[PDB]
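Before any comments, here is the structure.
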Amino acid sequence: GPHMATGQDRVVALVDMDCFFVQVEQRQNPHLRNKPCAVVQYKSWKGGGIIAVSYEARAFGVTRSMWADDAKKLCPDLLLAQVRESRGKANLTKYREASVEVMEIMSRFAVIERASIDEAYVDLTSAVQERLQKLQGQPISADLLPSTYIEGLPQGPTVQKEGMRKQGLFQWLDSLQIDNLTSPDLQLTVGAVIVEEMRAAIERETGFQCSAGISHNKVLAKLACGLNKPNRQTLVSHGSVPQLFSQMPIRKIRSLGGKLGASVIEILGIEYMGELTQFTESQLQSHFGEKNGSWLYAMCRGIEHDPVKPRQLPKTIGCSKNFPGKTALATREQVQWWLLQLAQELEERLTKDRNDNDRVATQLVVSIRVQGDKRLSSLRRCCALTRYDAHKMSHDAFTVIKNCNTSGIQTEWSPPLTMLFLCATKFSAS
DNA sequence: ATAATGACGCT
DNA sequence: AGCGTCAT
Ligand SMILES: Nc1ncnc2c1ncn2[C@H]1C[C@H](O)[C@@H](COP(=O)(O)NP(=O)(O)OP(=O)(O)O)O1
Ligand SMILES: [Mg+2]
Ligand SMILES: [Mg+2]
């Protein structure tokens, strides 16, 4: 209609590093470059857990969450790089710092929301405006978009992969109105030019390659990102959404990958995101609640309002370790020693946080899991975090959990713990 | 025995 | 507060 908002107000991108931990290890060790290789965590149980996989190794069917011993069965020449271990646990420091390299480069172009160790959303709306006045309304050359796909294109009245990409990009640019500075399609296009630049800057300055999605909101940008990996970027326009969603499995949309996703499918009897359009907002609210219903109604029309939160850094700092199977902690001395190992890494990261990012935490959350309980957390308790001191933090954590011990002989611990988790929260300026 | 973390919703 | 959900 004439009064219906179409969710084309913003230009939003999602940048995602390609096989990130592998690229970090390949940059450090050139022997691993352009080879089937994976990053593995621990190693005694079945060779350690695979947690990142180069595209060369993915062709052999190697995937994350696979034992390395099993990965070698699919790919005997697989090269492995191991995650650093400190105080008996995985230490991800190298990857955090690599991540900071990328995040700081992105921050030069626009405001970012860190979404994970290797992903960031970018609100490009302002950057695009000023680039549009700078560009004096001359056509946007395809040379400014050498790694960009236009989703849905080419269509209409042709065997080469890159050939296809160019065809669609040509069709898109030929159709574009540089006339209207407020045309959403034009804005996304300029957005993509900027992300081409941002992605060139990251590769030049860190050596890392990435993929990106450019669209009008977070969910579509994140969806766009995954359409042409690795080392490519995809523009999903508002107009592309109906065909794209028509065979897009519901579970693929961000936040619908779990139980709400499954219940949308089960209760409504549908499979694809586009099928949601046939229901009224009130019907969707009645089934999934007021907030989920409103979100769904809009999202299935490609409309979403979640803003890019201006935060390049975390707001909790935590350390955890699982103790699967036979390694479950069953003596009080064990529990105390591991609480201390966790507290020591935590103090380290915290001290760095106070120096670098000018800040102190004021609360400590202690989380454990008991054997057999197959939730992430069996129990969560809090206490004051007054001193960045590992022995006090570990002692305090024990204190707020020790009554969970069912054991008659309290030299021993029952039920056994299969997870310890310490998390610094409630940060303040300093 | 697919980890180690982080953010947010509900009550 | 403390637990449940979703994510990389
Ligand atoms: N189950 C897991 N266990 C341990 N570490 C993991 C993990 N999943 C991811 N990581 C670590 C390791 C990953 O490198 C990093 C990024 O996660 P992604 O972006 O989801 N996956 P990637 O970047 O590898 O591949 P691509 O984006 O090209 O699909 O976080
Ligand atoms: Mg990635
Ligand atoms: Mg990621």
Side-chain angles (χ1 to χ4, degrees), chain A residues 14-21 38-53 62-71 82-86 88-96 99 113-121 218-219 222 225-226 251-263 288-292 295 306 309 311-328 341-342 345-346 349 363-369 371-383 400-401 404 418-427:
Chain A
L14 189 267
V15 175
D16 189 335
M17 313 305 301
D18 300 322
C19 49
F20 180 51
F21 288 16
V39 172
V40 62
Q41 198 176 230
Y42 304 111
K43 80 150 169 305
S44 54
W45 181 267
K46 298 175 169 190
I50 297 303
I51 68 177
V53 190
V62 177
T63 65
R64 84 181 110 179
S65 288
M66 173 174 290
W67 303 114
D69 290 356
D70 298 332
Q82 288 190 84
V83 169
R84 172 176 161 208
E85 240 169 276
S86 305
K89 69 180 294 288
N91 178 349
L92 303 178
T93 292
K94 187 196 298 193
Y95 315 112
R96 288 189 178 99
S99 172
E113 173 179 351
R114 184 197 181 269
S116 73
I117 199 172
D118 83 323
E119 297 183 18
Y121 294 92
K218 290 209 239 173
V219 172
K222 170 87 182 305
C225 187
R251 70 174 169 275
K252 302 286 174 197
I253 276 68
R254 185 195 179 196
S255 79
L256 301 185
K259 299 177 165 183
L260 173 64
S263 82
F288 312 114
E290 189 171 291
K291 115 166 206 169
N292 287 343
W295 189 85
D306 186 11
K309 310 140 207 172
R311 292 300 351 277
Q312 172 177 3
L313 277 53
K315 71 168 67 172
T316 57
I317 305 183
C319 306
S320 59
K321 180 170 165 70
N322 298 344
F323 300 96
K326 288 302 300 174
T327 68
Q341 301 315 298
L342 287 178
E345 187 200 325
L346 179 51
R349 286 189 74 199
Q363 187 190 50
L364 183 69
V365 179
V366 192
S367 190
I368 73 186
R369 193 187 313 131
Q371 196 182 311
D373 191 351
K374 292 176 179 177
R375 292 169 295 175
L376 199 60
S377 172
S378 297
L379 175 130
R380 222 166 318 184
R381 297 295 194 266
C382 61
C383 68
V400 309
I401 71 167
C404 287
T418 52
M419 187 268 222
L420 292 176
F421 189 120
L422 295 184
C423 190
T425 74
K426 307 267 165 52
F427 278 91

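Keep in mind that the numbers below use all heavy atoms, side chains included, and drop hydrogens, waters and symmetry copies. Chain letters run A, B, ... following the sequence lines, proteins first and then strands; every chain starts at 1.
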Does [X] reach the side chain of [Y], with side-chain heavy atoms less than 4.5 Å apart?
X: A:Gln371; Y: A:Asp373; result: no
X: A:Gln341; Y: A:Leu346; result: no
X: A:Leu422; Y: A:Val365; result: no
X: A:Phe20; Y: A:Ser99; result: yes

*asked:* Quick check for you: to the nearest 0.5 Å, what is the distance between A:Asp118 atom CG and A:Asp16 atom CG?
replied: 4.5 Å
*asked:* To the closest 0.5 Å, what do you measure between CD1 (A:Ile401) and CD1 (A:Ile368)?
replied: 5.0 Å
For [X], which contact category applies under a 4.0 Å heavy-atom criterion: base, sugar-phosphate, or nothing?
X: A:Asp16; answer: nothing
X: A:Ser65; answer: base
X: A:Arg251; answer: nothing
X: A:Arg311; answer: nothing
X: A:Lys326; answer: nothing
X: A:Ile50; answer: nothing

*Main-chain N/O of A:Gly318 paired with A:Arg349 side-chain donor or acceptor, under 3.5 Å*: yes
*So, A:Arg369 side chain and A:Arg375 main chain: donor-acceptor pair closer than 3.5 Å or not?*
yes
*Could you pick out which residue, A:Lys374 or A:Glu113, lies toward the 5' side of DNA chain B when each is mapped onto its nearest nucleotide?*
A:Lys374
*Where each residue is assigned the nucleotide of DNA chain B containing its nearest heavy atom, which of A:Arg380 and A:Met419 is assigned the position nearer the 5′ end?*
A:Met419
Which pairs would a plain distance check flag for residues 88-96 of chain A, meaning a side-chain donor or acceptor within less than 3.5 Å of a matching protein atom at least two apart in sequence or in another chain?
residue : atom : partner  : partner atom : Å
A:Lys89 : NZ   : A:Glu345 : OE1          : 2.7
A:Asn91 : OD1  : A:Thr93  : N            : 2.9
A:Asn91 : OD1  : A:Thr93  : OG1          : 2.6
A:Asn91 : ND2  : A:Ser86  : OG           : 3.0
A:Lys94 : NZ   : A:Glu25  : OE1          : 3.0
A:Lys94 : NZ   : A:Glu25  : OE2          : 3.0
A:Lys94 : NZ   : A:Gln28  : OE1          : 2.6
A:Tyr95 : OH   : A:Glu25  : OE2          : 2.5

*Would you please name every residue forming a side chain to side chain donor-acceptor pair (under 3.5 Å) with A:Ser367, sequence neighbours left out?*
A:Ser377
_Under 4.0 Å, heavy atom to any atom of DNA chain B: which of residues 313-325 of chain A qualify?_
A:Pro314, A:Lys315, A:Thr316, A:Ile317, A:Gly318, A:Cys319, A:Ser320, A:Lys321, A:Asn322, A:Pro324, A:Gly325
_Taking only the P atom of each, what is the distance from C:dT8 to B:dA1 in whole angstrom?_
23 Å
_Opening and closing nucleotides of DNA chain C in contact with chain A, under 4.0 Å to non-hydrogen atoms_ = C:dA1 to C:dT8
_Under the side-chain contact (heavy atoms from CB on, under 4.5 Å) test, residues paired with A:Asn292 that sit two or more places apart_ = A:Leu260, A:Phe288
*Range on DNA chain B touched by chain A, heavy atoms, distance below 4.0 Å*: B:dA1 to B:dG9
